[PDB]
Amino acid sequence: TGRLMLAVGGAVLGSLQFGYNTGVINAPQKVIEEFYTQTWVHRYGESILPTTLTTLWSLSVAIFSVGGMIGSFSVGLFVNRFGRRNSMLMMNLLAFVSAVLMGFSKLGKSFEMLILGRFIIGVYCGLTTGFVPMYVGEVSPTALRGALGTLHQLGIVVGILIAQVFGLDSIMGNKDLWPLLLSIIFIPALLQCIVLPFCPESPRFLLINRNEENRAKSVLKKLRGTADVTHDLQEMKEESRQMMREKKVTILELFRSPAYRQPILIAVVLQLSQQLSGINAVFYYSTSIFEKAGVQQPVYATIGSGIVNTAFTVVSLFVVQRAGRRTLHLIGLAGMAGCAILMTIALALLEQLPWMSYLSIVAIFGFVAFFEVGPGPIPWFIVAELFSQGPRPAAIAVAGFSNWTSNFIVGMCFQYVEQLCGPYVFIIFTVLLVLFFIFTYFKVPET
């Protein structure tokens, strides 16, 4: 466990990037929108329509996920064909070409470049949800493999908290320095783009995929200071027993077969339950939502949501090993439904009672807290237990496809639905939260 941390850490750097680019565009929205609306006027000799600006900026945050879906679709392709590290490494090209397209959308005078770079860094982020946990989950000793996949999660949530903090009016969330905010990705990226060639090609890859018995044999002795493991080698050839003794069923079979048509119904819904709960609304729009409430200095309440989120991600790890699977998923769903009620109250009585600005903050803090213990981790956990070593991969691509899809819908349409619907938006998310809650009570089993 010496040279190992180098490889693990450099990998997670890309889960950080996932953490950033996701929770970035939520603190400096009206700053770019001012860029949007001014750009429009100069160009088209006409001023921007409010709804235009809305769907336009909606697409800038949304088109991220169109990207990530494709990214997560293409994950299997690069991994097997190129190894894990040679993929992490080469995909930094995506990180750089998007960093440039956004951070020079400044004198570019083009919000296309901004949306495009958002797409591309969506692809990069889609691909990276697959590369990272994989790599970390072959490199690590099987014992420490549990406590170390922890870093892909943590990487994201911390990655988020940074996007928010860097987002401050006083850092890079301001009329002058928001392209360096959207671009500073490169400083993480180039770092990994340097660390990585010092990092080892996956042993389960050199042995099973690349069929190098001796070249793979050599990686571990470095990767493990004083282990030199016959146990790891027999495991890799027993992992290539069970993962290769049950046929890798394709996604396309999952659907055609009635045997699977039900387990797959559950896994998928669980993903809708995660995104259609309405979180990325509080993580794409935290600041705009806190404003409209009555919050003064809304980005701090955003970073409030940042800290609380990271806090309960760590608390979840403990509670997750302890309790049932749909225990946490229910309690999690519950609080979130009730918090989205507190919200719609605050957002409602705000006008008669000022300090509901505060109730907004309370609502959402416990609402993201309640999230990370429940619908956060549980719908992933359940798929790995709803499918054996054979249909399990096919199962994950569909899961991840629901996740990137219900994500696009919240991101693209949450602004649609805050205008036409007012301080009741969280009653939409409360009606879902209930439905979902109900669904899991009668249809999803313990695991």
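In case it trips you up, residue 1 is the first one in the sequence shown, and so on.
Read off the CA B-factors in the entry, average them over 315 to 323 and over 83 to 91, and name the higher stretch. The entry gives the higher C-alpha B-factor average to 315 to 323.
According to the deposited model, is the average Cα temperature factor higher in 115 to 123 or in 143 to 151? Per the PDB entry, the higher value belongs to 143 to 151.
Quiz for you: based on the deposited Cα B-factor, which of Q164, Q275, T250, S218 is highest? In the PDB entry, the greatest C-alpha B-factor among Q164, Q275, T250, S218 is found at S218.
Taking the Cα B-factors listed in the entry, which of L181, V362, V158, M244 comes out highest? Within the set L181, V362, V158, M244, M244 shows the top C-alpha B-factor.
According to the PDB entry, is the CA B factor of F371 in the bottom, middle or top third of its chain, that is, lowest, middle or highest? Its C-alpha B-factor belongs to the lowest third of this chain's values.
Lowest, middle or highest third of the chain for the C-alpha temperature factor of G45? Ranked within chain, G45 CA B lands in the highest tercile.
Looking at the C-alpha B-factor of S15, is it in the lowest, middle or highest third of its chain? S15: CA B-factor falls in the lowest third of its chain.
Going by the CA temperature factor in the PDB record, which third of the chain does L420 belong to: lowest, middle or highest? Tercile = highest for this residue's CA B-factor.
Lowest, middle or highest third of the chain for the C-alpha temperature factor of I427? Middle third - that is where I427 ends up once the chain's C-alpha B-factors are sorted.
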